[PDB]
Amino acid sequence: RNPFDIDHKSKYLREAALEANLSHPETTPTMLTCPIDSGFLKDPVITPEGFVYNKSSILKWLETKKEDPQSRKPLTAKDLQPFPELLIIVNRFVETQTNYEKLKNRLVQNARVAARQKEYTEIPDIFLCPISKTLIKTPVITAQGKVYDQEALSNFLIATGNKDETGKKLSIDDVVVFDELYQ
């Protein structure tokens, strides 16, 4: 097969998988979403140039212009190849989102149990910061589900150059505010 000919499907999938693996579960990854309807790719079709859209969305556009919405190059309905493979990566991600939503609920609910205890000699760990060992003043949550203090961590990441225990690259934009833990 000709090397100068590009298979965009295997290329797209590979890059989409990476993006999904690197993506915070609160964030919906770009190339799992339709450029036109902004939602999850649910009936994905792919163009000869390699662009992916939900079928209903790209066809709706083709009623107006017969060009690709990203390249402005000629595009018609017969150039739209079915790309059902991508759905495997989409479902893989919504699974991550679901699991991530379980993690928050578990943290919240035993933080509610811990809060109703009186006369502890030790503050419950659900309320303590792992790298501050004090009361979490401003609750903040990782993508895996560990809870820090927004600035006990911010100063920590600044100190060691966006790294943390466990030795892993973390940024304070990889982290979402999580007031619901005390709520």
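The numbering used is simple: start at 1 and walk along the sequence shown.
According to the deposited model, is the average Cα temperature factor higher in 88-96 or in 70-78?
Higher of the two, by average CA B-factor, is 70-78.
On average, which has the higher Cα B-factor in the deposited entry, 57-65 or 126-134?
So the stretch with the higher mean C-alpha B-factor is 126-134.
What's the residue among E49, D43, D37, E151 with the greatest CA temperature factor in the PDB record?
Highest C-alpha B-factor among the listed options: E151.
What third of its chain's C-alpha B-factors does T30 belong to: lowest, middle or highest?
Tercile = lowest for this residue's CA B-factor.
What third of its chain, lowest, middle or highest, does the C-alpha temperature factor of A115 fall into?
Ranked within chain, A115 CA B lands in the middle tercile.
So where's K9 on the chain's Cα temperature factor ranking, which third?
For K9, the deposited C-alpha B-factor lands in the lowest third.
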